[PDB]
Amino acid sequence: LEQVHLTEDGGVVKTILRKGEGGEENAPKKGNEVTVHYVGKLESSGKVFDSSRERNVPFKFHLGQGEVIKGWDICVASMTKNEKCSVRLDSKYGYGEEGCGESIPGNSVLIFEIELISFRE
């Protein structure tokens, strides 16, 4: 599968697992509410640190607001409805030097499988 670089520094690289729907009415825009399912794991250990699938409830947020880690705003802006991708985020686009809890160490590369389920204004 082809790697799609979403920044010039290699820090956000999206692999499309399942292509989403075509057409502009199917790509979300800045400020829209998006609904996704995701599974986040560390690249280095493969261990899952957060999963909406495990909670059995999708996650909603407003796109392009900084409500989520930078790599998520960048990744989801590139997706279309029903797309499922695996995105690799350098720590610069994740939790940085600090990390968050033992399950997200400082300077960790994160891998998220993200499925864009739907969006609305």
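Rigid core: the largest C-alpha set superposing within 1.5 Å between the two forms. In case it trips you up, residue 1 is the first one in the sequence shown, and so on.
Peer 1: Please work out whether 99 to 107 or 10 to 18 has the higher root mean square C-alpha deviation in 5 other deposited structures of this protein relative to the shown form, with the rigid core as fitting region?
Peer 2: Between 99 to 107 and 10 to 18, greater C-alpha deviation in 5 other deposited structures of this protein belongs to 99 to 107.
Peer 1: May I ask which stretch, 21 to 29 or 108 to 116, sits farther from the shown form in 5 other deposited structures of this protein once every structure is superposed on the core, judging by RMS CA distance?
Peer 2: It is 21 to 29 that deviates more in 5 other deposited structures of this protein.
Peer 1: Would you determine, from the values in the PDB entry, which of 109 to 117 and 13 to 21 has the greater average C-alpha temperature factor?
Peer 2: Result: 13 to 21.
Peer 1: Mean C-alpha B factor from the entry: is it higher for 25 to 33 or for 64 to 72?
Peer 2: Taking the mean C-alpha B-factor of 25 to 33 and of 64 to 72, the larger value falls to 25 to 33.
Peer 1: Which is it among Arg53, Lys41, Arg88, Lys92: the one with the largest CA B-factor in the entry?
Peer 2: Highest C-alpha B-factor among the listed residues goes to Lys92.
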